[PDB]
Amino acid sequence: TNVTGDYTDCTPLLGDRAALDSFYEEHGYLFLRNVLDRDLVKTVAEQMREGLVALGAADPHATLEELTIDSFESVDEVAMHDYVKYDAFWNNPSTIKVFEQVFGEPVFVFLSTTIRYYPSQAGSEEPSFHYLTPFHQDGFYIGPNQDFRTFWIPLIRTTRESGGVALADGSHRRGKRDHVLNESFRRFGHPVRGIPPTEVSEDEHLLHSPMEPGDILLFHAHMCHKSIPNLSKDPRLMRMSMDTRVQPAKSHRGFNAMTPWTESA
């Protein structure tokens, strides 16, 4: 594995503005544990699950940790957006409170959210991982302002093997990097660009840790990050997550900020 380490637990920094900001400036991320309402997260996980029962041929009697689907790509993603009530989650006062704690000022939550529901492909000789994200920076796609941050949450727990998002520690300090076409990644059948290996340094140590529902991972617009494939076996688990962007309420609201996923995709 290219993952060389865990996220640093930034939870101890929360009531110390200077320390929280210092870590974020150096590293380009914060990992905050048990800060969201677990009951709210569970309701969203259940919404995703019921969407999959309706749209992905998921077992109607499976618990969240028994749940699986044959194929991510066979599920109607537009229709899944009707099931997962993310705006109500992000804009719940308890969630907003955490966003404000991070930014130190009132926030605006993007009207776009990406939802992810990836089955394990452990054992597959020809796995379908082309729909995952290669190394990229969100600020390459989203702007013009570059002071938004991405907020990434697990809807059920992740393990090292079930995957999530890998962060290249401190890779947000030399601006936007080149993203080039990569034949091993596709989205809705179309080509995808990613940062090539000649542009992510061995010094920008790759990080991934298991996370629990209630936890959040957030990162700078120039943080270089990529998907980690689900190869869970023991236990085999879906990886269920969602990600949005948040910015100061005072900042310019661009296309991405104002446009729901279904209207832009």
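For every residue, the number given is its place in the sequence shown, counted from 1.
Colleague: Compare the mean C-alpha B-factor of 68 to 76 with that of 147 to 155 as given in the PDB entry, and name the stretch with the higher value.
Modeller: Here the higher of the two C-alpha B-factor means belongs to 68 to 76.
Colleague: Higher average CA B factor in the deposited record is what I'm after, so tell me if that's 199 to 207 or 213 to 221.
Modeller: Per the PDB record, 199 to 207.
Colleague: Between 130, 97, 172, 179, which carries the biggest CA temperature factor in the record?
Modeller: Going by the entry's C-alpha B-factors, 97 comes out highest.
Colleague: Specify which of 257, 242, 249, 18 carries the largest Cα B factor in the deposited PDB entry.
Modeller: Out of 257, 242, 249, 18, the record gives the largest C-alpha B-factor to 18.
Colleague: Hey, what third does residue 101 fall into on Cα B-factor, ranked over its chain?
Modeller: According to the entry, residue 101 has a C-alpha B-factor in the chain's highest third.
Colleague: Please place residue 110 in the lowest, middle or highest third of its chain according to the CA B-factor in the PDB entry.
Modeller: Lowest third, going by the recorded CA B-factors of the chain.
Colleague: Can you work out whether the C-alpha temperature factor of residue 87 puts it in the lowest, middle or highest third of the chain?
Modeller: Middle third by C-alpha B-factor.
Colleague: By the record's CA B-factor, is residue 232 among the lowest, middle or highest third of residues in the chain?
Modeller: Its C-alpha B-factor, which the entry lists for residue 232, ranks in the middle third among residues of this chain.
Colleague: By its CA B factor, does residue 60 count among the lowest, middle or highest third of the modelled residues in the chain?
Modeller: It belongs to the middle third of the chain when residues are ordered by C-alpha B-factor.
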